[PDB]
file work10.cif (mmCIF, C-alpha atoms and all ligand atoms)
data_query
loop_
_atom_site.label_atom_id
_atom_site.label_comp_id
_atom_site.auth_asym_id
_atom_site.auth_seq_id
_atom_site.Cartn_x
_atom_site.Cartn_y
_atom_site.Cartn_z
CA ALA A 1 15.59 -21.53 3.82
CA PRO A 2 16.30 -23.39 0.58
CA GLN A 3 19.78 -22.67 -0.74
CA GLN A 4 18.41 -21.19 -3.96
CA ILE A 5 16.54 -18.57 -1.93
CA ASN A 6 19.48 -17.76 0.32
CA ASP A 7 21.72 -17.43 -2.75
CA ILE A 8 19.51 -15.10 -4.79
CA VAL A 9 18.66 -12.99 -1.76
CA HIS A 10 22.30 -12.48 -0.83
CA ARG A 11 23.34 -11.70 -4.41
CA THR A 12 20.46 -9.26 -4.93
CA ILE A 13 19.83 -7.54 -1.60
CA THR A 14 23.32 -7.21 -0.13
CA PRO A 15 24.51 -5.31 -3.24
CA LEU A 16 21.33 -3.21 -3.18
CA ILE A 17 22.10 -2.25 0.41
CA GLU A 18 25.69 -1.48 -0.62
CA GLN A 19 24.58 0.54 -3.68
CA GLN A 20 21.87 2.54 -1.86
CA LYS A 21 23.46 3.04 1.59
CA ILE A 22 20.50 1.49 3.43
CA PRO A 23 21.14 1.36 7.20
CA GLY A 24 18.68 -1.46 7.97
CA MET A 25 16.53 -3.76 5.93
CA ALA A 26 14.12 -6.65 6.38
CA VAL A 27 13.01 -8.94 3.55
CA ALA A 28 10.45 -11.72 3.44
CA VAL A 29 10.43 -14.02 0.43
CA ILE A 30 7.21 -16.01 0.16
CA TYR A 31 8.00 -19.18 -1.78
CA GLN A 32 5.38 -21.88 -2.28
CA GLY A 33 3.27 -19.86 0.15
CA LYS A 34 5.82 -19.89 3.01
CA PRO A 35 7.81 -16.87 4.22
CA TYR A 36 11.56 -16.90 4.59
CA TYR A 37 13.01 -13.98 6.51
CA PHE A 38 16.21 -12.01 6.08
CA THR A 39 17.51 -8.99 7.96
CA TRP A 40 20.49 -6.67 7.65
CA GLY A 41 21.93 -3.74 9.53
CA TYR A 42 20.52 -1.41 12.12
CA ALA A 43 17.10 -0.22 13.16
CA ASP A 44 18.81 2.49 15.24
CA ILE A 45 22.35 3.32 14.12
CA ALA A 46 23.53 5.26 17.16
CA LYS A 47 22.16 2.69 19.63
CA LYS A 48 23.55 -0.16 17.49
CA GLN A 49 20.17 -1.90 17.64
CA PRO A 50 19.87 -4.51 14.85
CA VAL A 51 16.95 -4.99 12.53
CA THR A 52 15.07 -8.06 13.74
CA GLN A 53 11.86 -9.81 12.73
CA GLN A 54 10.13 -7.63 15.36
CA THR A 55 11.41 -4.29 14.05
CA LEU A 56 8.64 -1.89 13.06
CA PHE A 57 9.10 -0.02 9.78
CA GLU A 58 7.01 2.80 8.37
CA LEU A 59 5.11 1.39 5.39
CA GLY A 60 4.27 4.74 3.83
CA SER A 61 1.82 4.30 0.99
CA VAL A 62 1.81 0.48 1.33
CA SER A 63 -0.76 1.56 3.97
CA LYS A 64 -3.09 2.23 1.03
CA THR A 65 -3.37 -1.53 0.49
CA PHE A 66 -4.84 -1.85 3.98
CA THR A 67 -7.21 1.05 3.24
CA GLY A 68 -8.25 -0.57 -0.02
CA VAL A 69 -8.95 -3.92 1.62
CA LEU A 70 -10.86 -2.26 4.47
CA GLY A 71 -12.94 -0.50 1.84
CA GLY A 72 -13.49 -3.80 0.03
CA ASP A 73 -14.60 -5.36 3.31
CA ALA A 74 -17.12 -2.52 3.71
CA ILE A 75 -18.41 -3.21 0.19
CA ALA A 76 -18.78 -6.90 1.04
CA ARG A 77 -20.72 -5.92 4.18
CA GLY A 78 -23.09 -3.80 2.08
CA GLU A 79 -22.08 -0.69 4.01
CA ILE A 80 -20.95 1.22 0.91
CA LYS A 81 -21.11 0.93 -2.87
CA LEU A 82 -18.38 2.36 -5.05
CA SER A 83 -21.01 4.06 -7.24
CA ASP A 84 -22.28 6.05 -4.24
CA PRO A 85 -21.75 9.82 -4.33
CA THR A 86 -19.19 11.26 -1.93
CA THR A 87 -21.92 13.57 -0.63
CA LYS A 88 -23.90 10.57 0.65
CA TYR A 89 -21.23 10.21 3.37
CA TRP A 90 -20.32 13.90 3.77
CA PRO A 91 -23.44 16.01 3.20
CA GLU A 92 -21.60 19.19 4.26
CA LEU A 93 -19.59 18.87 1.03
CA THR A 94 -22.11 21.09 -0.71
CA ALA A 95 -19.82 22.65 -3.30
CA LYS A 96 -21.02 21.83 -6.81
CA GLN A 97 -17.76 20.35 -8.10
CA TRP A 98 -18.54 17.31 -5.96
CA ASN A 99 -21.64 16.44 -7.98
CA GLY A 100 -20.68 13.28 -9.86
CA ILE A 101 -17.60 12.34 -7.78
CA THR A 102 -18.17 8.85 -6.36
CA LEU A 103 -16.39 6.67 -3.84
CA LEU A 104 -14.90 4.79 -6.80
CA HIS A 105 -13.24 7.98 -8.00
CA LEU A 106 -11.80 8.72 -4.57
CA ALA A 107 -10.50 5.18 -4.09
CA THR A 108 -8.80 5.06 -7.49
CA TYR A 109 -7.40 8.62 -7.80
CA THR A 110 -9.83 9.52 -10.61
CA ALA A 111 -11.87 12.33 -9.02
CA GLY A 112 -10.24 14.89 -11.36
CA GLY A 113 -6.99 16.07 -9.81
CA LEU A 114 -7.21 15.96 -6.03
CA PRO A 115 -3.66 16.80 -4.91
CA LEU A 116 -0.91 14.41 -3.92
CA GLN A 117 -0.81 15.87 -0.40
CA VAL A 118 -3.42 17.28 1.90
CA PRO A 119 -1.91 20.72 2.71
CA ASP A 120 0.06 20.79 5.96
CA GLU A 121 -2.07 23.75 7.09
CA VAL A 122 -5.08 21.42 7.47
CA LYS A 123 -5.10 20.72 11.21
CA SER A 124 -8.79 20.58 12.21
CA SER A 125 -12.04 19.07 11.00
CA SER A 126 -13.20 22.48 9.75
CA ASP A 127 -9.90 22.99 7.89
CA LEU A 128 -10.43 19.70 6.05
CA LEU A 129 -13.97 20.59 5.01
CA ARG A 130 -12.73 23.98 3.83
CA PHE A 131 -9.98 22.31 1.79
CA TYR A 132 -12.34 19.99 -0.06
CA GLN A 133 -15.08 22.64 -0.39
CA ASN A 134 -12.64 24.95 -2.15
CA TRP A 135 -10.73 22.44 -4.26
CA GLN A 136 -11.18 23.07 -7.97
CA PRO A 137 -10.87 20.02 -10.26
CA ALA A 138 -8.51 20.07 -13.21
CA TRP A 139 -10.47 17.36 -15.07
CA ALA A 140 -13.88 15.75 -15.21
CA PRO A 141 -14.29 12.73 -12.92
CA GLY A 142 -13.41 9.31 -14.25
CA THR A 143 -11.01 10.47 -16.98
CA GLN A 144 -7.53 10.98 -15.49
CA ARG A 145 -5.65 9.15 -12.76
CA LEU A 146 -3.53 11.38 -10.49
CA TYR A 147 -2.08 9.43 -7.56
CA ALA A 148 -3.08 11.27 -4.41
CA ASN A 149 -3.23 10.92 -0.64
CA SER A 150 -6.13 13.41 -0.53
CA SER A 151 -8.17 11.06 -2.76
CA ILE A 152 -7.76 7.60 -1.26
CA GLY A 153 -7.37 9.18 2.17
CA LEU A 154 -10.86 10.63 1.97
CA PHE A 155 -12.16 7.33 0.59
CA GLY A 156 -10.93 5.50 3.68
CA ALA A 157 -12.39 8.11 6.04
CA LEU A 158 -15.81 7.94 4.38
CA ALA A 159 -15.88 4.17 3.86
CA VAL A 160 -15.89 3.58 7.64
CA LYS A 161 -18.74 5.99 8.39
CA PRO A 162 -21.56 3.40 8.17
CA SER A 163 -19.79 1.19 10.70
CA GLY A 164 -19.83 3.94 13.31
CA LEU A 165 -16.18 3.16 14.03
CA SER A 166 -13.20 5.44 13.69
CA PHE A 167 -10.90 4.53 10.81
CA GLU A 168 -8.34 3.19 13.29
CA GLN A 169 -10.89 1.09 15.17
CA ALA A 170 -12.33 -0.27 11.93
CA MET A 171 -8.87 -1.20 10.67
CA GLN A 172 -7.96 -2.88 13.95
CA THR A 173 -11.25 -4.74 14.36
CA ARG A 174 -11.88 -5.71 10.73
CA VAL A 175 -8.40 -6.23 9.25
CA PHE A 176 -5.50 -6.38 11.71
CA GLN A 177 -7.14 -8.56 14.37
CA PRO A 178 -8.73 -11.22 12.10
CA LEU A 179 -5.43 -11.63 10.25
CA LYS A 180 -3.45 -11.81 13.52
CA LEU A 181 -1.38 -8.77 12.56
CA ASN A 182 -0.61 -8.15 16.21
CA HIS A 183 2.46 -5.99 15.53
CA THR A 184 0.89 -3.68 12.95
CA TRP A 185 -0.14 -0.21 14.09
CA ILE A 186 -1.53 3.09 12.97
CA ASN A 187 -0.35 4.52 16.31
CA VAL A 188 2.55 2.64 17.86
CA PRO A 189 1.77 2.07 21.55
CA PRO A 190 4.33 3.20 24.16
CA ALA A 191 5.32 -0.38 25.00
CA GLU A 192 6.14 -1.14 21.35
CA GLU A 193 8.21 2.01 20.77
CA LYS A 194 11.39 0.04 21.55
CA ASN A 195 10.88 -1.88 18.29
CA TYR A 196 10.22 1.19 16.12
CA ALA A 197 13.16 1.66 13.76
CA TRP A 198 14.44 5.10 12.93
CA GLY A 199 14.28 6.26 9.36
CA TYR A 200 17.33 7.96 7.89
CA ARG A 201 17.26 10.96 5.58
CA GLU A 202 20.44 12.91 4.80
CA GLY A 203 22.05 11.25 7.81
CA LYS A 204 19.34 12.34 10.25
CA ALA A 205 17.05 9.98 12.18
CA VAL A 206 13.42 10.76 11.34
CA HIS A 207 9.90 9.46 11.83
CA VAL A 208 6.81 10.32 9.84
CA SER A 209 5.07 13.49 11.01
CA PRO A 210 1.34 13.62 11.71
CA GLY A 211 -0.97 14.93 9.03
CA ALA A 212 -4.60 14.95 8.01
CA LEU A 213 -5.74 11.53 6.75
CA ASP A 214 -2.31 10.06 7.48
CA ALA A 215 -3.75 6.81 8.89
CA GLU A 216 -5.62 6.21 5.63
CA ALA A 217 -2.86 7.21 3.23
CA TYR A 218 0.57 6.53 4.66
CA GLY A 219 0.64 5.97 8.42
CA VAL A 220 0.81 2.22 9.12
CA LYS A 221 3.89 0.70 10.78
CA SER A 222 4.54 -3.04 10.73
CA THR A 223 7.10 -5.82 11.10
CA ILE A 224 8.47 -8.11 8.43
CA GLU A 225 6.56 -11.03 9.94
CA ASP A 226 3.23 -9.22 9.90
CA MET A 227 3.86 -7.98 6.36
CA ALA A 228 4.65 -11.51 5.19
CA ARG A 229 1.30 -12.56 6.67
CA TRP A 230 -0.35 -9.66 4.82
CA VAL A 231 1.15 -10.95 1.58
CA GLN A 232 0.04 -14.50 2.38
CA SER A 233 -3.49 -13.23 2.99
CA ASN A 234 -3.57 -11.34 -0.31
CA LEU A 235 -2.03 -14.32 -2.15
CA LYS A 236 -4.62 -16.75 -0.76
CA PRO A 237 -7.79 -14.94 0.25
CA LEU A 238 -9.74 -18.21 0.50
CA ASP A 239 -7.57 -19.02 3.53
CA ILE A 240 -9.31 -16.14 5.35
CA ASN A 241 -12.28 -17.48 7.30
CA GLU A 242 -14.00 -14.08 7.68
CA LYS A 243 -16.03 -13.92 4.48
CA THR A 244 -16.28 -10.13 4.22
CA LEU A 245 -12.50 -9.83 4.55
CA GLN A 246 -11.85 -12.65 2.11
CA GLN A 247 -14.10 -10.80 -0.34
CA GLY A 248 -12.60 -7.40 0.52
CA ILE A 249 -9.15 -8.72 -0.37
CA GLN A 250 -10.53 -10.00 -3.66
CA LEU A 251 -12.29 -6.71 -4.41
CA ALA A 252 -9.11 -4.72 -3.77
CA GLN A 253 -7.43 -6.77 -6.50
CA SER A 254 -10.25 -6.25 -8.99
CA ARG A 255 -9.29 -4.14 -12.01
CA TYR A 256 -11.22 -0.84 -12.10
CA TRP A 257 -9.17 1.24 -14.56
CA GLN A 258 -6.40 0.59 -17.08
CA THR A 259 -3.55 2.87 -18.13
CA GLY A 260 -1.07 1.23 -20.46
CA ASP A 261 -0.24 -2.17 -18.99
CA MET A 262 -1.19 -1.10 -15.44
CA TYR A 263 -4.50 -1.73 -13.71
CA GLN A 264 -5.76 0.16 -10.67
CA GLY A 265 -7.23 -1.80 -7.77
CA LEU A 266 -8.23 -0.52 -4.34
CA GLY A 267 -4.78 0.44 -3.06
CA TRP A 268 -3.14 -2.42 -4.91
CA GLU A 269 -1.93 -1.95 -8.47
CA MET A 270 -1.75 -4.89 -10.87
CA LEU A 271 -0.26 -6.02 -14.19
CA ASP A 272 -0.84 -9.22 -16.13
CA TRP A 273 1.73 -11.93 -15.42
CA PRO A 274 4.12 -12.63 -17.06
CA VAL A 275 5.07 -8.97 -16.82
CA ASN A 276 7.59 -6.93 -18.79
CA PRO A 277 10.03 -6.11 -15.99
CA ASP A 278 10.96 -2.77 -17.53
CA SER A 279 7.34 -1.65 -17.27
CA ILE A 280 7.12 -2.26 -13.52
CA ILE A 281 10.63 -0.94 -12.85
CA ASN A 282 10.35 2.20 -14.96
CA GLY A 283 6.71 2.79 -14.06
CA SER A 284 7.68 2.95 -10.40
CA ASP A 285 9.82 6.08 -10.86
CA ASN A 286 8.03 8.98 -9.22
CA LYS A 287 8.31 11.09 -12.38
CA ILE A 288 5.81 8.61 -13.88
CA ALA A 289 3.96 7.22 -10.87
CA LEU A 290 2.97 10.73 -9.79
CA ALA A 291 2.00 12.02 -13.25
CA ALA A 292 -1.54 12.41 -14.50
CA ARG A 293 -2.48 9.90 -17.16
CA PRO A 294 -5.74 9.03 -18.90
CA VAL A 295 -7.59 5.95 -17.75
CA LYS A 296 -10.02 3.61 -19.48
CA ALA A 297 -12.84 2.35 -17.28
CA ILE A 298 -13.33 -1.38 -16.81
CA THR A 299 -17.06 -1.95 -16.26
CA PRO A 300 -17.77 -4.31 -14.64
CA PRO A 301 -14.39 -4.36 -12.89
CA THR A 302 -12.41 -7.45 -13.76
CA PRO A 303 -12.54 -9.87 -10.81
CA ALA A 304 -9.11 -10.50 -9.30
CA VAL A 305 -6.88 -12.28 -11.83
CA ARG A 306 -4.55 -14.84 -10.26
CA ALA A 307 -2.03 -14.45 -13.13
CA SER A 308 -1.10 -10.94 -12.02
CA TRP A 309 1.86 -9.12 -10.59
CA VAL A 310 0.24 -7.25 -7.70
CA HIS A 311 2.29 -4.61 -5.96
CA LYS A 312 2.66 -1.32 -4.12
CA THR A 313 5.53 1.02 -3.26
CA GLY A 314 5.66 3.12 -0.13
CA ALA A 315 7.72 6.03 1.13
CA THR A 316 8.02 8.30 4.10
CA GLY A 317 10.85 10.76 4.69
CA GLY A 318 13.01 8.06 6.21
CA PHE A 319 11.62 4.75 4.91
CA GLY A 320 11.14 2.87 1.67
CA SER A 321 8.91 -0.18 1.34
CA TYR A 322 7.82 -2.48 -1.46
CA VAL A 323 5.44 -5.43 -1.67
CA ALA A 324 4.83 -7.60 -4.72
CA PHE A 325 3.18 -10.95 -5.22
CA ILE A 326 1.93 -13.31 -7.92
CA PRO A 327 -1.10 -15.32 -6.75
CA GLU A 328 -0.86 -17.98 -9.48
CA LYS A 329 2.74 -18.78 -8.47
CA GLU A 330 2.28 -18.53 -4.66
CA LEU A 331 5.24 -16.19 -4.71
CA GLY A 332 5.80 -12.81 -3.11
CA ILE A 333 8.26 -10.45 -1.51
CA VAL A 334 8.25 -7.73 1.13
CA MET A 335 11.20 -5.30 1.29
CA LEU A 336 11.24 -2.89 4.27
CA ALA A 337 14.08 -0.38 4.56
CA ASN A 338 14.78 2.58 6.85
CA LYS A 339 15.90 4.77 3.97
CA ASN A 340 13.70 6.16 1.19
CA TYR A 341 15.73 4.98 -1.80
CA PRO A 342 14.56 5.07 -5.44
CA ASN A 343 11.58 2.92 -6.34
CA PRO A 344 13.11 1.44 -9.53
CA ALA A 345 15.94 -0.06 -7.47
CA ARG A 346 13.36 -1.76 -5.23
CA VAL A 347 11.31 -3.18 -8.07
CA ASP A 348 14.37 -4.38 -9.98
CA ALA A 349 15.60 -6.30 -6.94
CA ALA A 350 12.16 -7.79 -6.31
CA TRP A 351 11.88 -8.87 -9.95
CA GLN A 352 15.32 -10.48 -9.92
CA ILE A 353 14.41 -12.53 -6.85
CA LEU A 354 10.93 -13.61 -7.90
CA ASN A 355 11.98 -14.32 -11.50
CA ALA A 356 14.78 -16.57 -10.20
CA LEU A 357 12.26 -18.50 -8.09
CA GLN A 358 9.33 -19.06 -10.45
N1 LIG B 401 -20.30 19.05 -12.73
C1 LIG B 401 -19.52 19.96 -13.59
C2 LIG B 401 -20.41 20.94 -14.41
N2 LIG B 401 -19.71 21.71 -15.45
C3 LIG B 401 -18.81 22.80 -15.02
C4 LIG B 401 -18.32 23.04 -16.46
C5 LIG B 401 -17.19 24.06 -16.51
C6 LIG B 401 -16.05 23.64 -15.62
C7 LIG B 401 -14.81 24.49 -15.77
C8 LIG B 401 -13.77 23.44 -15.93
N3 LIG B 401 -12.97 23.03 -15.04
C9 LIG B 401 -12.19 21.93 -15.59
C10 LIG B 401 -12.49 20.61 -14.84
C11 LIG B 401 -13.83 20.04 -15.26
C12 LIG B 401 -14.69 19.43 -14.35
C13 LIG B 401 -15.90 18.91 -14.76
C14 LIG B 401 -16.30 19.01 -16.08
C15 LIG B 401 -15.47 19.64 -17.02
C16 LIG B 401 -15.98 19.79 -18.41
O1 LIG B 401 -15.17 20.42 -19.23
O2 LIG B 401 -17.08 19.36 -18.75
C17 LIG B 401 -14.24 20.13 -16.59
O3 LIG B 401 -13.42 20.70 -17.51
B1 LIG B 401 -12.69 21.85 -17.07
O4 LIG B 401 -11.72 22.15 -18.16
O5 LIG B 401 -13.76 22.93 -17.14
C18 LIG B 401 -16.55 23.57 -14.19
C19 LIG B 401 -17.67 22.53 -14.06
CL CL B 402 28.16 -12.90 -3.98
CL CL B 403 -3.33 1.19 15.72
CL CL B 404 7.55 11.79 6.40
NA NA B 405 -3.67 10.43 12.25
ZN ZN B 406 28.31 -11.63 -2.19
ZN ZN B 407 28.14 -5.86 1.89
#

call {"tool": "encode", "arguments": {"input": "work10.cif", "output": "structure tokens"}}
result
Amino acid sequence: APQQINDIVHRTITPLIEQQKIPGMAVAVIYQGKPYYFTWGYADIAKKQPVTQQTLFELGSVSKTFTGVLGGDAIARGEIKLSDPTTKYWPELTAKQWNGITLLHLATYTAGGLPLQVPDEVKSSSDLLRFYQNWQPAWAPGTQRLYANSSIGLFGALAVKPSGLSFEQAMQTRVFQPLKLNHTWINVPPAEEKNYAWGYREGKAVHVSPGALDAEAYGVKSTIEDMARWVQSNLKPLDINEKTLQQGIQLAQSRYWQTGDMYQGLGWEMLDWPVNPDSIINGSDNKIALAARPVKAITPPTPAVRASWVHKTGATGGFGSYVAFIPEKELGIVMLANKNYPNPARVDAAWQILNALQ
């Protein structure tokens, strides 16, 4: 890598790892469109297995960017429209509170207060129907954004129904395979388990536990190389030869709602570039990111703006991930760690690196 990249990465990430007690970390810096890889520490402490470019990390809610792009691809195929009612895809959802809730609302957390988590008691198809049939909205649809797995998770499950594929098969066939993300998994196969890092929480080695709609909301695992390729693909969608996927990437970066200086895409979140770094850093704290806030609709949605900071945080019990990129500058970063450490620390480090390189 160029010396300027090596320098800023050492001076930013090694102290972050020191400050936050991160056991293992992988970073890709995309500079002039090309990834440069860095690793530190251990994927498995007790085995003394190092983080490598093949180590799988849990992406947590960075998975929602895959779900958003898969939904965009379905839009580009004509399989769904965001204005469609939820009940078009799930007719058994006969409870009246669902009248007026569209796929757009599910995808963008604006259905009116669907909860952050699907309850752990939901273990069967009938349990899930019962949960949504009995959910009572706090607000009218299209007025308040409340970040929620039960919202975008249901969006992803319904968006694949016209294809006839399971969510996993749709994601594999329509996103992972065309982009050559050959080490990205919803379910890690037995022969790849040797590369699956442990997450660390309060000194204990942990992996994400199964839950309803986990694949759609938080269940993807990937390597630093595949995640760099994901960033490259979202930086430069015209490089993608599959037109529906090129367009799905673009649609996931369209601006559907605004709250303050933040815009909601499909999975991705965006701000105008140049960005006020304090807004992305502070806005990433869960006290804010998880709070309900009023949204203003953007109709028609703004087509993807290349002068944007586009990003997403992710967490599981044992992992913390962050992706950010700036299409206009051909500049991005992926930070994968096997500890869930505070979001503002992630965003600050990402800002420091990308700001030094623009
Ligand atoms: N399709 C809904 C028909 N109206 C019904 C109107 C009463 C409402 C009770 C309620 N629950 C909260 C969430 C909510 C949802 C939709 C509309 C509103 C509204 O105030 O208009 C709304 O406001 B709330 O404070 O009022 C139940 C629905
Ligand atoms: Cl130094
Ligand atoms: Cl998979
Ligand atoms: Cl977890
Ligand atoms: Na699952
Ligand atoms: Zn140093
Ligand atoms: Zn050190």

call {"tool": "atom_distance", "arguments": {"input": "work10.cif", "atom1": "CA of residue 160 (chain A)", "atom2": "CA of residue 58 (chain A)"}}
result
22.9 Å

call {"tool": "closest_residue", "arguments": {"input": "work10.cif", "among": "A:206, A:356, A:51, A:252", "to": "residue 31 (chain A)", "atoms": "only C-alpha atoms"}}
result
A:356

call {"tool": "atom_distance", "arguments": {"input": "work10.cif", "atom1": "CA of residue 197 (chain A)", "atom2": "CA of residue 340 (chain A)"}}
result
13.4 Å

call {"tool": "closest_residue", "arguments": {"input": "work10.cif", "among": "A:138, A:266, A:22, A:171", "to": "ligand CL 403 (chain B)", "atoms": "only C-alpha atoms and all ligand atoms"}}
result
A:171

call {"tool": "closest_atom_pairs", "arguments": {"input": "work10.cif", "of": "chain A", "to": "ligand CL 402 (chain B)", "cutoff": "9 Å", "atoms": "all atoms listed in the file", "output": "tab-separated table"}}
result
residue	atom	partner	partner_atom	distance
A:7	CA	B:CL402	CL	8.0
A:8	CA	B:CL402	CL	9.0
A:10	CA	B:CL402	CL	6.7
A:11	CA	B:CL402	CL	5.0
A:12	CA	B:CL402	CL	8.6
A:14	CA	B:CL402	CL	8.4
A:15	CA	B:CL402	CL	8.5

call {"tool": "residues_around", "arguments": {"input": "work10.cif", "residues": "residue 236 (chain A)", "least_positions_apart": "6", "cutoff": "12 Å", "atoms": "all atoms listed in the file", "output": "list in words"}}
result
residues 30, 32, 33, 34, 229, 230, 245, 246, 247, 249, 250, 253, 304, 306, 325, 326, 327, 328, 329, 330, 331 and 332 of chain A

call {"tool": "residues_near_ligand", "arguments": {"input": "work10.cif", "ligand": "ligand CL 404 (chain B)", "cutoff": "10 Å", "atoms": "all atoms listed in the file", "output": "ChimeraX atom specification"}}
result
/A:58,60,199,201,206-211,218-219,315-319,340

call {"tool": "closest_residue", "arguments": {"input": "work10.cif", "among": "A:352, A:136, A:20, A:286", "to": "ligand LIG 401 (chain B)", "atoms": "all atoms listed in the file"}}
result
A:136

call {"tool": "closest_atom_pairs", "arguments": {"input": "work10.cif", "of": "chain A", "to": "ligand LIG 401 (chain B)", "cutoff": "9 Å", "atoms": "all atoms listed in the file", "output": "CSV"}}
result
residue,atom,partner,partner_atom,distance
A:96,CA,B:LIG401,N1,6.6
A:97,CA,B:LIG401,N1,5.4
A:98,CA,B:LIG401,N1,7.2
A:99,CA,B:LIG401,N1,5.6
A:100,CA,B:LIG401,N1,6.5
A:101,CA,B:LIG401,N1,8.8
A:112,CA,B:LIG401,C12,7.0
A:113,CA,B:LIG401,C10,8.7
A:136,CA,B:LIG401,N3,7.3
A:137,CA,B:LIG401,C10,4.9
A:138,CA,B:LIG401,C10,4.3
A:139,CA,B:LIG401,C10,3.8
A:140,CA,B:LIG401,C13,3.8
A:141,CA,B:LIG401,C13,6.6

call {"tool": "write_last_selection", "arguments": {"input": "work10.cif", "atoms": "C-alpha atoms", "output": "JSON list (two decimals), in the frame of the given file"}}
result
[["chain", "number", "residue", "atom", "x", "y", "z"],
["A", 96, "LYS", "CA", -21.02, 21.83, -6.81],
["A", 97, "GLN", "CA", -17.76, 20.35, -8.10],
["A", 98, "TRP", "CA", -18.54, 17.31, -5.96],
["A", 99, "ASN", "CA", -21.64, 16.44, -7.98],
["A", 100, "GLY", "CA", -20.68, 13.28, -9.86],
["A", 101, "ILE", "CA", -17.60, 12.34, -7.78],
["A", 112, "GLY", "CA", -10.24, 14.89, -11.36],
["A", 113, "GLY", "CA", -6.99, 16.07, -9.81],
["A", 136, "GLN", "CA", -11.18, 23.07, -7.97],
["A", 137, "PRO", "CA", -10.87, 20.02, -10.26],
["A", 138, "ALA", "CA", -8.51, 20.07, -13.21],
["A", 139, "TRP", "CA", -10.47, 17.36, -15.07],
["A", 140, "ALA", "CA", -13.88, 15.75, -15.21],
["A", 141, "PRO", "CA", -14.29, 12.73, -12.92]]

call {"tool": "closest_residue", "arguments": {"input": "work10.cif", "among": "A:126, A:19, A:133, A:63", "to": "residue 156 (chain A)", "atoms": "all atoms listed in the file"}}
result
A:63

call {"tool": "atom_distance", "arguments": {"input": "work10.cif", "atom1": "CA of residue 212 (chain A)", "atom2": "CA of residue 103 (chain A)"}}
result
18.7 Å

call {"tool": "closest_residue", "arguments": {"input": "work10.cif", "among": "A:148, A:13, A:251, A:224", "to": "residue 75 (chain A)", "atoms": "all atoms listed in the file"}}
result
A:251

call {"tool": "closest_residue", "arguments": {"input": "work10.cif", "among": "A:335, A:213, A:220, A:111", "to": "ligand NA 405 (chain B)", "atoms": "all atoms listed in the file"}}
result
A:213

call {"tool": "residues_near_point", "arguments": {"input": "work10.cif", "point": "(-12.7, -0.5, 4.9)", "cutoff": "7 Å", "atoms": "all atoms listed in the file", "output": "ChimeraX atom specification"}}
result
/A:67-74,156,159-160,171

call {"tool": "residues_near_ligand", "arguments": {"input": "work10.cif", "ligand": "ligand CL 403 (chain B)", "cutoff": "8 Å", "atoms": "all atoms listed in the file", "output": "list in words"}}
result
residues 168, 169, 171, 172, 184, 185, 186, 187, 188, 189 and 220 of chain A

call {"tool": "build_atoms", "arguments": {"input": "work10.cif", "residues": "region 347-355 of chain A", "atoms": "N, CA, C and O atoms", "output": "compact mmCIF listing (two decimals), keeping the file's coordinate frame"}}
result
# COMPACT_ATOMS: atom_id res chain seq x y z
N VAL A 347 12.07 -2.30 -7.20
CA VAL A 347 11.31 -3.18 -8.07
C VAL A 347 12.26 -4.09 -8.84
O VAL A 347 11.98 -5.27 -9.03
N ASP A 348 13.39 -3.55 -9.28
CA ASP A 348 14.37 -4.38 -9.98
C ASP A 348 14.83 -5.53 -9.10
O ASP A 348 14.90 -6.68 -9.55
N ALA A 349 15.14 -5.25 -7.84
CA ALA A 349 15.60 -6.30 -6.94
C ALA A 349 14.51 -7.33 -6.71
O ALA A 349 14.76 -8.54 -6.73
N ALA A 350 13.27 -6.86 -6.51
CA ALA A 350 12.16 -7.79 -6.31
C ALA A 350 11.97 -8.69 -7.53
O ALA A 350 11.74 -9.90 -7.39
N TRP A 351 12.00 -8.09 -8.73
CA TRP A 351 11.88 -8.87 -9.95
C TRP A 351 12.96 -9.93 -10.03
O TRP A 351 12.68 -11.11 -10.26
N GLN A 352 14.21 -9.53 -9.82
CA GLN A 352 15.32 -10.48 -9.92
C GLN A 352 15.10 -11.68 -9.01
O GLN A 352 15.37 -12.82 -9.39
N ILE A 353 14.62 -11.43 -7.79
CA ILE A 353 14.41 -12.53 -6.85
C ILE A 353 13.24 -13.40 -7.30
O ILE A 353 13.36 -14.62 -7.39
N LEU A 354 12.09 -12.79 -7.56
CA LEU A 354 10.93 -13.61 -7.90
C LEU A 354 11.11 -14.32 -9.24
O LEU A 354 10.67 -15.46 -9.39
N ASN A 355 11.73 -13.66 -10.21
CA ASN A 355 11.98 -14.32 -11.50
C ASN A 355 12.89 -15.53 -11.33
O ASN A 355 12.70 -16.56 -12.01
